[PDB]
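A.B. asks: After the structure tokens below, expect a handful of questions from me.
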Amino acid sequence: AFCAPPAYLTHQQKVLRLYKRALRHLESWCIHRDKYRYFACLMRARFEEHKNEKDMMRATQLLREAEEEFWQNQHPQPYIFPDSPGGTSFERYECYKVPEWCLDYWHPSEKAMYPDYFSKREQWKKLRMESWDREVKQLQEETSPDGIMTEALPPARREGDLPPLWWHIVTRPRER
Amino acid sequence: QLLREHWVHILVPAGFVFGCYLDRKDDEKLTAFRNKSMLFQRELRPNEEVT
Amino acid sequence: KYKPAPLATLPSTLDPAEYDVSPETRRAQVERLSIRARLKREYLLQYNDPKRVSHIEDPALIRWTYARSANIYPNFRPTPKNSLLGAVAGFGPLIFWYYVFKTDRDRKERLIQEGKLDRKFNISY
Amino acid sequence: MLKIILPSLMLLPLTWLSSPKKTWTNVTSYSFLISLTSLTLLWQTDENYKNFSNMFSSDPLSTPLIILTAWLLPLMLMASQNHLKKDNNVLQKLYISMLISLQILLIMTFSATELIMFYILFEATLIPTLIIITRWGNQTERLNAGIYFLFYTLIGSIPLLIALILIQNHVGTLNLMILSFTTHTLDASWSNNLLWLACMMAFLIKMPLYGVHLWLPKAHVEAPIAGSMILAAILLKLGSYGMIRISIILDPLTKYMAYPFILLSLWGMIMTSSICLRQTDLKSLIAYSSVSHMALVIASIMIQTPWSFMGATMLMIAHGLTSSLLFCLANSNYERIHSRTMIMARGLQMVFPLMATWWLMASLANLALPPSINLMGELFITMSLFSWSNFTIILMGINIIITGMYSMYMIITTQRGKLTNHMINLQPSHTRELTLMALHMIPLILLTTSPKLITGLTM
Amino acid sequence: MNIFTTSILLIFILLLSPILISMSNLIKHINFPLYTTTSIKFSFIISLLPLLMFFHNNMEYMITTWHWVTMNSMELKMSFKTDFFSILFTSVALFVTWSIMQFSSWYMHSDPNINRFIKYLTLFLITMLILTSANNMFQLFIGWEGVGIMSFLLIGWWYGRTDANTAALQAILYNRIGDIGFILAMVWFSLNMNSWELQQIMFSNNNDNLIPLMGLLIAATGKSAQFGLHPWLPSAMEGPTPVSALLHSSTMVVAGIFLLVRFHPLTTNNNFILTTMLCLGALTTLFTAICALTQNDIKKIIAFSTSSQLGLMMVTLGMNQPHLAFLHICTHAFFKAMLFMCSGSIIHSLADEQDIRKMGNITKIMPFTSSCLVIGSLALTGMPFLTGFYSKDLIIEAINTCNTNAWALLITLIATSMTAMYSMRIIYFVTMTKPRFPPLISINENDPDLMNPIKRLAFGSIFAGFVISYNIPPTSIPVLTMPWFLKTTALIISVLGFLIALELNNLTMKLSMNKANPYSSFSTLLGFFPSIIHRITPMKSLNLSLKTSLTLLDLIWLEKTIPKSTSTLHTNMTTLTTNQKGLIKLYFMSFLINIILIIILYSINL
Amino acid sequence: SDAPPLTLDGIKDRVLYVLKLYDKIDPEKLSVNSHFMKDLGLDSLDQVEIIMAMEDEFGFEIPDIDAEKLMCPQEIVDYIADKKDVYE
Amino acid sequence: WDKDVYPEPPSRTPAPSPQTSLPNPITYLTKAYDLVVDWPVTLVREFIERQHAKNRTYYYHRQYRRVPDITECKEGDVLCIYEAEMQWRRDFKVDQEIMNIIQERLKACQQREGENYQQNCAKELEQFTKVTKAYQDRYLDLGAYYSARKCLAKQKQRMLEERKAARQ
């Protein structure tokens, strides 16, 4: 969920995603893992049959019939993965997933204890301001005037210096 | 010194005093019907001066 | 099989207008991508901008609020079906409720004048 | 009564001459002393009403408002002590003086007998409010808001005055309880009907119906915490008190001079409670809720039943306090952010762990969770309206439901989601604002405990 | 006559004490969960005494502790009615809550705000005890709404589980839709009898008194689970299992039925209610049993089972066996709670996988919870002597023995079968097939705080039903004269359910590929009723609240009408009266017109 | 009843266990960087089924955006480590 | 506690017939309670009552002299009207409290009679219906601005109707 997708897609990924979805819904239909393996092998054969074909006509036709068959023979109540959407743990801990900047407003009587950890925050923030302005020119120099960009982010082409825009990713709290 | 600062705390008490005094003056007015009513008409027992 | 609806839209895959391979449509998609990437980058140059002591302003949010709150009467132009729906909502239901209440009260009044309606225990009212 | 007023007339020069470092604390504590002394009125041993002169008086229906006002003064002060912090000492002193003048006027009017004195005070309430709203707002439309406020109020004021004159001439005097002991009945013609109108129209325009609820949101939004407080708490209540004290004469007209107003009040309660669902602006939501409850107040005032009057007073006091509290909370969340919008700040309760329990304890009092004077009033009023007709429980219930809905919608779009990540300006709770919340709440507890004080004329 | 009230107030004082401690500063030093658990234990030991004195005297009691107000011939006061119902419900609820508190103390480690959780639980408990042992309908409304809000909070304890917020909103909406009819009843009684108390209401045993009964009926349908307003019970499961049990196995749902039964005296002289209590409660024994055949979530299945049992009890009420209904509440609570307890143990042992579809071999890998789960499953089926029988089978006697509507009887028996059906479904999919769960394993159940509670609850679920059925005063007159095919119907039909479930679960194998059939899809999707209701009703209501009211009335017309009209009008008149140019040649002509006017007016008027 | 967290050695041993129990093409000797499509001549089907087996082995789910791009056991492990925040 | 006001019917207590070979728990239970709890409480109560008696204080009951009524009260004049209306408010309040007393005694009778409330709990219901017809014919449709004048108009209209009925 960190990297971002492209605008358009390709037949390749479309078919892959249909495959994974159908196999999950089959794991849900047919509970026993033996039956799941059996029917998964059957679906694999169904695919490998038309695999080598390349004609966009047959591609689109088979794909749009496959999606209809899938939507018409899918599982009403599928198998959701707890830690992912739909489950019974999604966001369950966000009520505890506080960010860091709540720290600054601590009271000194409290950060009195936990002294070591606060002895290292400064040298971390210090690791941010000293290398921020540079992280901008790396883009404002490479902000290709062509003006056709994606959401990707280039690394530190230099050594020693840090990458650009690491704050909103580093310091992201645990999952617990 | 300090009274120029710590005297202001005398007004409000003086205002309350003045208020109670003004209400006392009003109630001393309207003294009519002191005991002429028809539901609290006493005999003015001895040594018990008027309300 | 399946049909669309105002609630259960036609899901992503099945949409015939998807799977299109038009160069113009793909170019539109990539333009949307350029836009969205510029936006996210301008946003991330502030989410992490150090020396910051404040929050971010959401101008989309502000404009949405403006359009829901105060841009209404100026761009408002009265027309029929609009005046009509307004007069309806402002008159009809009040008058329906009113006929109801008046009929009920007159029933109660004539009943009592006859001297019938059992009012025992209606001591507090 | 002078014992309540004179000190409130001394807080002014006190404020003027006191030094900056000390005026706040001095005036605050002394206003609290005034609030304390304001309880002498509660020594209502027997039923003989209190009368201090031909110029003042008290009553069970007025005393609550008096104490509530003398106790909302200092809360306005305190809630007005973090903003205008970079405004000059003279300006903040002006602000204090305006607040105090409001207090004094409200006391004198809720006490006075002669409705003409009541009226001049009811109309002098404006100047301080208009000023507070124009000279200390935070947006630009505050001007139009003040204009609407003023002119609605004065349009109401005029025919009220004309009818007071007609009365003072036909009848000999205007003093209350004399109006009672020498009232009479009217031939019930168009003349007396338009008289009923010219007498109630102002009080209604103030206590908003569906038709004229327009100046409330603009005020409560463009205006600051203190103006919002005082509006939602008292400047509405003035209309209710006037109507109660004056309807004593217009019998029987108010049997058939009510159907339109009752209908409007109920329908407006419903439509405004609905809008409270989809109204972004938090303070606007609160204002429309206030409209929804004052509609109940009005429907209970008209039909003139004792249960109805006691429920009206209960709900009146309850809403006053609860709305002041909700507005404190809104302001609080605003000073840290500077945007009224509900959907911007979300998923709190991870950094303001306590404050929530000052958010919660308000909603529960809005949606009529018992045991609360709120529900007692709503319920007695629903009883009176059921007696007056069997087909009003419908609207009572629709309103109850939509309230139970939007109160929680408000709780959940500000204290139930997941925390944003660009609101670094979340200065933790101030002891001051926590104190304001606690002070708005605790009296609700004590009155839920012993409400015999807060009943009304009939009890 | 002094020990009694002493105990009845002491239990409330005990439950208060922790809450008070919550205010104080000791919690950071003290084990609040154990504190509260033990206070609850002693509250139960206290509550027991009333039971002994009551079975030994059968003397009900009525009390008026505190006088609140005097509102002009309609007073108010904290009045209790310690009769069979409440004096027994207190003991049952505490016997359950002690175990639940131990289970929580064990199940919610690694969570910081556990003391907060405990305080919330005991607050709900106080409110429910109030509702139970209360007499004034006002006190009862207090209990009602306090229970509602406590359930809201508890479903939302994890205030990031987005759908949990919506579940809580569902709950509040439906509980308010019940409160509507409840206030209706309060008002009707305060008018037609001047009082709110059951004592002075019993004298309505002669009149039509139908509107308040409809009100209490809607209140039941709301706070409990019935046809129109069940959908809020399955979603609560999004919350934790301890509360999903306490607040949704023996409390917050039995409240409506408790109310109806306390109001039974007026329900024996209304032959309409007696009927509508069957076309409303028996139906739910079908519209949920259906949904209790394909649902995979343990908690959802259990909740649908609970709705089924509650519909059954509303049915027996309709046909006038209220003490039977109450006994069934009591018994039902025990095992319907032990099931959620075992399920929570299972889950916490695993990585938060409610789904049966990813568990198995539970017997071997975990004998204790499986034995207890089988106990509960068979008890709910109606095993002859497991505290289920002692109410369920008398109920199934009466249902066929009385003049009960045909379709109602029929779907009720069908549901009595579907009980065994989905019970054996649990059994098979969780306890008899292969271990389809992940490879890693960190099982642990040898902890006492989780092994003792289930033990106590099993002893209870096995004994208390019998004990009560033999110790309570024989309220009603039974019917013990019928054929065997009507005295043993529940037994026979549950055995049928066992056989059928075995056949079908074994058919699940054999490589018999599945097919999305509409009956089963319906069952799984609840019947599409939520899928349409919660997707049109909100949309239309909100779109109306926006289009008509906000814009088309409160921002457009009520402004274009009064203020903007006045503005335009005065503006135009001012434009006119100051469009004047400075020309005397014109001003004087105007003066002349005015002079003419005045002369003519005087001439006419003489 | 919480078991202990996951470490890199455990993750690596498990992943090798699974990719070895695999039968299609793996010659039972997988280099940590034994590229699937390049260094083992695998198929997209096989890679996707591997990702799915890993999802089942670790409970959670891997989104498509990264399932399609994972082409190294070391990359899978780096992903899991940056998702569960291991190795304090 | 005026028992003539609150009846408190007798208490036909039953007798103990413990025919078994097992001991009554209540015996020992209530014995231990009455032992440990009532002893200190009773001693403390005696202490408090002794302090009371040594520093005793009395207080009387306010007796409001009577006055003329609205009838013998000329219109326009007020003083009389006030001294009548307040007396009337007192009477109104007293009647309301009487209603409360009736209702309390009624609920008592009901519970104390248990399931036989339909037979033995019918006497008090008659007092109730009678008292309530009175309170109705007196204070039913006045209005929150109720007062002696409106009550008198009610009485007078009712008298006129009854008299027209009698004459025909």
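The way I read the labels, and the way they are meant: chains A, B, ... in the order of the structure tokens, residue 1 as the first residue of every chain, and ligand 1 as the first ligand shown, with later ones counted on from there.
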Could you pull the residues within 6 Å of residue 134 of chain E, counting only C-alpha atoms, minus those fewer than 3 positions along the same chain, as a compact mmCIF listing (two decimals) with C-alpha atoms, in the first residue's frame?

C.D. replies:
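Saved result, result-v4.txt, follows:
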# COMPACT_ATOMS: atom_id res chain seq x y z
CA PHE E 80 -38.58 -0.61 43.63
CA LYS E 81 -40.73 -3.71 43.11
CA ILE E 130 -32.46 -0.36 37.81
CA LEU E 131 -34.60 -1.23 34.79
CA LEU E 140 -37.73 2.18 33.66

A.B. asks: Would you give me, as number ranges by chain, the residues of chain E that come within 9 Å of chain C, using only C-alpha atoms?

C.D. replies: E: 72-74, 190-194, 535-536, 548-549, 551-553, 555-557, 559-560

A.B. asks: Next, write the just-selected residues to a file, as an mmCIF file, in the first residue's frame, keeping N, CA, C and O atoms as the atom set.

C.D. replies:
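And here's out23.cif as it stands now:
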data_model
loop_
_atom_site.group_PDB
_atom_site.id
_atom_site.type_symbol
_atom_site.label_atom_id
_atom_site.label_comp_id
_atom_site.auth_asym_id
_atom_site.auth_seq_id
_atom_site.Cartn_x
_atom_site.Cartn_y
_atom_site.Cartn_z
ATOM 1 N N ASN E 72 -47.960 18.438 41.661
ATOM 2 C CA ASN E 72 -49.375 18.798 41.663
ATOM 3 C C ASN E 72 -50.251 17.587 41.323
ATOM 4 O O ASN E 72 -50.842 17.481 40.246
ATOM 5 N N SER E 73 -50.308 16.670 42.282
ATOM 6 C CA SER E 73 -51.134 15.466 42.268
ATOM 7 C C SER E 73 -50.524 14.338 41.448
ATOM 8 O O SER E 73 -51.179 13.303 41.279
ATOM 9 N N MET E 74 -49.309 14.492 40.930
ATOM 10 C CA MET E 74 -48.600 13.424 40.228
ATOM 11 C C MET E 74 -47.171 13.441 40.754
ATOM 12 O O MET E 74 -46.305 14.127 40.207
ATOM 13 N N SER E 190 -50.324 8.425 32.111
ATOM 14 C CA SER E 190 -50.341 9.628 32.933
ATOM 15 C C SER E 190 -51.605 10.437 32.701
ATOM 16 O O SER E 190 -52.019 11.208 33.575
ATOM 17 N N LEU E 191 -52.232 10.281 31.536
ATOM 18 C CA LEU E 191 -53.505 10.952 31.296
ATOM 19 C C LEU E 191 -54.666 10.172 31.900
ATOM 20 O O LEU E 191 -55.394 10.684 32.756
ATOM 21 N N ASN E 192 -54.855 8.929 31.464
ATOM 22 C CA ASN E 192 -56.067 8.195 31.797
ATOM 23 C C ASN E 192 -56.072 7.614 33.204
ATOM 24 O O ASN E 192 -57.114 7.108 33.632
ATOM 25 N N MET E 193 -54.954 7.657 33.933
ATOM 26 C CA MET E 193 -54.947 7.190 35.312
ATOM 27 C C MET E 193 -54.182 8.096 36.264
ATOM 28 O O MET E 193 -54.165 7.815 37.465
ATOM 29 N N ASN E 194 -53.541 9.156 35.777
ATOM 30 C CA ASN E 194 -52.872 10.170 36.581
ATOM 31 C C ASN E 194 -51.571 9.681 37.196
ATOM 32 O O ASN E 194 -50.848 10.484 37.795
ATOM 33 N N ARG E 535 -29.857 1.398 2.242
ATOM 34 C CA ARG E 535 -29.307 2.022 1.052
ATOM 35 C C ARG E 535 -30.276 2.957 0.350
ATOM 36 O O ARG E 535 -29.827 3.790 -0.443
ATOM 37 N N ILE E 536 -31.575 2.848 0.605
ATOM 38 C CA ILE E 536 -32.545 3.801 0.069
ATOM 39 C C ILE E 536 -33.028 4.771 1.138
ATOM 40 O O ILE E 536 -33.023 5.983 0.928
ATOM 41 N N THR E 548 -35.114 20.176 -0.283
ATOM 42 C CA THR E 548 -36.283 20.948 0.114
ATOM 43 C C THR E 548 -35.951 21.910 1.248
ATOM 44 O O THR E 548 -36.056 23.133 1.099
ATOM 45 N N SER E 549 -35.537 21.368 2.391
ATOM 46 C CA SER E 549 -35.493 22.153 3.619
ATOM 47 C C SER E 549 -34.347 23.158 3.605
ATOM 48 O O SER E 549 -34.568 24.370 3.691
ATOM 49 N N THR E 551 -31.839 24.154 1.260
ATOM 50 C CA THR E 551 -31.737 25.090 0.148
ATOM 51 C C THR E 551 -33.085 25.723 -0.160
ATOM 52 O O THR E 551 -33.265 26.937 -0.025
ATOM 53 N N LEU E 552 -34.055 24.903 -0.553
ATOM 54 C CA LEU E 552 -35.268 25.431 -1.155
ATOM 55 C C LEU E 552 -36.193 26.112 -0.158
ATOM 56 O O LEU E 552 -37.187 26.706 -0.583
ATOM 57 N N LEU E 553 -35.917 26.035 1.139
ATOM 58 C CA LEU E 553 -36.705 26.767 2.121
ATOM 59 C C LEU E 553 -35.875 27.716 2.967
ATOM 60 O O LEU E 553 -36.244 28.885 3.120
ATOM 61 N N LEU E 555 -32.542 28.702 2.723
ATOM 62 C CA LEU E 555 -31.571 29.575 2.087
ATOM 63 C C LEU E 555 -32.101 30.293 0.856
ATOM 64 O O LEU E 555 -31.459 31.246 0.402
ATOM 65 N N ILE E 556 -33.236 29.873 0.305
ATOM 66 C CA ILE E 556 -33.731 30.441 -0.942
ATOM 67 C C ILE E 556 -34.991 31.257 -0.700
ATOM 68 O O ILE E 556 -34.992 32.481 -0.869
ATOM 69 N N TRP E 557 -36.066 30.593 -0.280
ATOM 70 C CA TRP E 557 -37.375 31.227 -0.305
ATOM 71 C C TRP E 557 -37.641 32.081 0.926
ATOM 72 O O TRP E 557 -38.126 33.210 0.795
ATOM 73 N N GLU E 559 -35.760 33.780 2.401
ATOM 74 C CA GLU E 559 -34.958 34.985 2.257
ATOM 75 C C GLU E 559 -35.402 35.826 1.072
ATOM 76 O O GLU E 559 -35.539 37.047 1.192
ATOM 77 N N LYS E 560 -35.634 35.197 -0.081
ATOM 78 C CA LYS E 560 -36.191 35.913 -1.219
ATOM 79 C C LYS E 560 -37.548 36.516 -0.900
ATOM 80 O O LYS E 560 -37.978 37.445 -1.591
#

A.B. asks: Would you mind listing what lies within 7 Å of segment 45-59 of chain F as JSON, numbers by chain, with only C-alpha atoms counted and same-chain residues fewer than 4 positions away left out?

C.D. replies: {"E": [438, 439], "F": [67]}

A.B. asks: Go through A:36, A:90, A:29, A:166 one by one, measure the shortest atom-to-atom distance of each to chain C using only C-alpha atoms, and give the residue with the smallest value.

C.D. replies: A:166

A.B. asks: Distance atom CA of residue 42 of chain G-atom CA of residue 26 of chain G, one decimal place?

C.D. replies: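 According to the coordinates, atom CA of residue 42 of chain G and atom CA of residue 26 of chain G are separated by 21.6 Å.
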
A.B. asks: If we count only C-alpha atoms, what is near residue 26 of chain F at a cut-off of 12 Å, once residues fewer than 2 positions away on the same chain are taken out, given as a ChimeraX atom specification?

C.D. replies: /F:16-24,28-31,34-37,39-43,46-47,50

A.B. asks: Fewer than 3 positions away in the same chain doesn't count, so skip those; otherwise give me all residues within 6 Å of segment 82-99 of chain G, counting only C-alpha atoms, as a list in words.

C.D. replies: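 Within the cut-off, the hits are residues 72 and 73 of chain E; 69, 70, 79, 102 and 148 of chain G.
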
A.B. asks: Create the file for the chosen residues now, containing N, CA, C and O atoms and written as a PDB file, in the first residue's frame.

C.D. replies:
ATOM      1  N   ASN E  72     -47.960  18.438  41.661  1.00  0.00           N
ATOM      2  CA  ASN E  72     -49.375  18.798  41.663  1.00  0.00           C
ATOM      3  C   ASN E  72     -50.251  17.587  41.323  1.00  0.00           C
ATOM      4  O   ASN E  72     -50.842  17.481  40.246  1.00  0.00           O
ATOM      5  N   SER E  73     -50.308  16.670  42.282  1.00  0.00           N
ATOM      6  CA  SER E  73     -51.134  15.466  42.268  1.00  0.00           C
ATOM      7  C   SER E  73     -50.524  14.338  41.448  1.00  0.00           C
ATOM      8  O   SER E  73     -51.179  13.303  41.279  1.00  0.00           O
TER       9      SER E  73
ATOM     10  N   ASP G  69     -64.502  35.652  50.956  1.00  0.00           N
ATOM     11  CA  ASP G  69     -64.316  34.947  49.698  1.00  0.00           C
ATOM     12  C   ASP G  69     -64.532  35.888  48.522  1.00  0.00           C
ATOM     13  O   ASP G  69     -64.899  37.056  48.677  1.00  0.00           O
ATOM     14  N   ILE G  70     -64.298  35.345  47.327  1.00  0.00           N
ATOM     15  CA  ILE G  70     -64.455  36.125  46.104  1.00  0.00           C
ATOM     16  C   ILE G  70     -65.860  36.704  46.018  1.00  0.00           C
ATOM     17  O   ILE G  70     -66.056  37.828  45.541  1.00  0.00           O
ATOM     18  N   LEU G  79     -57.538  44.638  46.977  1.00  0.00           N
ATOM     19  CA  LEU G  79     -57.054  44.121  48.257  1.00  0.00           C
ATOM     20  C   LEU G  79     -57.807  42.861  48.668  1.00  0.00           C
ATOM     21  O   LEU G  79     -57.207  41.814  48.955  1.00  0.00           O
ATOM     22  N   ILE G 102     -54.502  10.020  48.813  1.00  0.00           N
ATOM     23  CA  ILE G 102     -55.403   8.966  48.356  1.00  0.00           C
ATOM     24  C   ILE G 102     -54.651   7.976  47.484  1.00  0.00           C
ATOM     25  O   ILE G 102     -54.763   6.757  47.659  1.00  0.00           O
ATOM     26  N   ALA G 148     -59.384  31.799  41.541  1.00  0.00           N
ATOM     27  CA  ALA G 148     -60.712  31.724  42.131  1.00  0.00           C
ATOM     28  C   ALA G 148     -61.780  32.223  41.173  1.00  0.00           C
ATOM     29  O   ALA G 148     -62.887  31.684  41.136  1.00  0.00           O
TER      30      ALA G 148
END

A.B. asks: Might you pull out every residue within 12 Å of residue 10 of chain B, with only C-alpha atoms counted and same-chain residues fewer than 6 positions away left off, and present them as a list in words?

C.D. replies: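 Within the cut-off, the hits are residues 3, 4, 16 and 17 of chain B; 7, 10, 11, 14, 26 and 30 of chain D.
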
A.B. asks: Show me, as a list in words, the residues that have an atom within 12 Å of residue 24 of chain B when counting only C-alpha atoms, minus same-chain residues fewer than 6 positions from it.

C.D. replies: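 Listing them by chain and then by number gives residues 17, 18, 30 and 31 of chain B; 1, 2, 3, 52 and 53 of chain D.
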
A.B. asks: Write the residues of the preceding selection, restricted to N, CA, C and O atoms, as a PDB file, in the first residue's frame.

C.D. replies:
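To be explicit, this is the file written out as result-v3.pdb:
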ATOM      1  N   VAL B  17     -23.899  46.912  50.481  1.00  0.00           N
ATOM      2  CA  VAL B  17     -24.402  47.650  51.635  1.00  0.00           C
ATOM      3  C   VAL B  17     -25.435  48.678  51.196  1.00  0.00           C
ATOM      4  O   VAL B  17     -26.535  48.763  51.756  1.00  0.00           O
ATOM      5  N   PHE B  18     -25.076  49.501  50.210  1.00  0.00           N
ATOM      6  CA  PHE B  18     -25.992  50.517  49.710  1.00  0.00           C
ATOM      7  C   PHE B  18     -27.282  49.891  49.201  1.00  0.00           C
ATOM      8  O   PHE B  18     -28.367  50.449  49.391  1.00  0.00           O
ATOM      9  N   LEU B  30     -43.980  52.439  52.284  1.00  0.00           N
ATOM     10  CA  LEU B  30     -45.037  51.441  52.178  1.00  0.00           C
ATOM     11  C   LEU B  30     -45.440  50.888  53.539  1.00  0.00           C
ATOM     12  O   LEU B  30     -46.176  49.897  53.608  1.00  0.00           O
ATOM     13  N   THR B  31     -44.969  51.505  54.624  1.00  0.00           N
ATOM     14  CA  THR B  31     -45.274  51.028  55.965  1.00  0.00           C
ATOM     15  C   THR B  31     -46.767  50.879  56.201  1.00  0.00           C
ATOM     16  O   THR B  31     -47.171  50.165  57.125  1.00  0.00           O
TER      17      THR B  31
ATOM     18  N   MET D   1     -33.427  43.858  45.340  1.00  0.00           N
ATOM     19  CA  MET D   1     -32.941  43.608  44.012  1.00  0.00           C
ATOM     20  C   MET D   1     -31.722  44.465  43.686  1.00  0.00           C
ATOM     21  O   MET D   1     -30.807  44.129  42.922  1.00  0.00           O
ATOM     22  N   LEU D   2     -31.719  45.643  44.296  1.00  0.00           N
ATOM     23  CA  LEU D   2     -30.577  46.531  44.202  1.00  0.00           C
ATOM     24  C   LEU D   2     -29.344  45.811  44.715  1.00  0.00           C
ATOM     25  O   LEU D   2     -28.248  46.025  44.214  1.00  0.00           O
ATOM     26  N   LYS D   3     -29.543  44.938  45.703  1.00  0.00           N
ATOM     27  CA  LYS D   3     -28.454  44.112  46.201  1.00  0.00           C
ATOM     28  C   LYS D   3     -27.858  43.230  45.115  1.00  0.00           C
ATOM     29  O   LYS D   3     -26.749  42.712  45.289  1.00  0.00           O
ATOM     30  N   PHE D  52     -40.928  43.990  45.695  1.00  0.00           N
ATOM     31  CA  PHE D  52     -40.007  44.893  46.363  1.00  0.00           C
ATOM     32  C   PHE D  52     -40.400  46.355  46.231  1.00  0.00           C
ATOM     33  O   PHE D  52     -40.033  47.159  47.092  1.00  0.00           O
ATOM     34  N   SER D  53     -41.121  46.716  45.180  1.00  0.00           N
ATOM     35  CA  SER D  53     -41.596  48.079  44.970  1.00  0.00           C
ATOM     36  C   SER D  53     -42.592  48.044  43.819  1.00  0.00           C
ATOM     37  O   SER D  53     -42.930  46.973  43.299  1.00  0.00           O
TER      38      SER D  53
END

A.B. asks: Please identify all residues of chain E having at least one atom at most 7 Å from any atom of chain D, considering only C-alpha atoms, and return them as a PyMOL selection string.

C.D. replies: chain E and resi 69+71-72+142+145+159-160+173+176-177+180+187+545-546+549-550+558

A.B. asks: Could you check which of D:138, D:374, D:228, D:8 is closest to residue 84 of chain D, using only C-alpha atoms?

C.D. replies: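 Smallest separation from residue 84 of chain D among the options: D:138.
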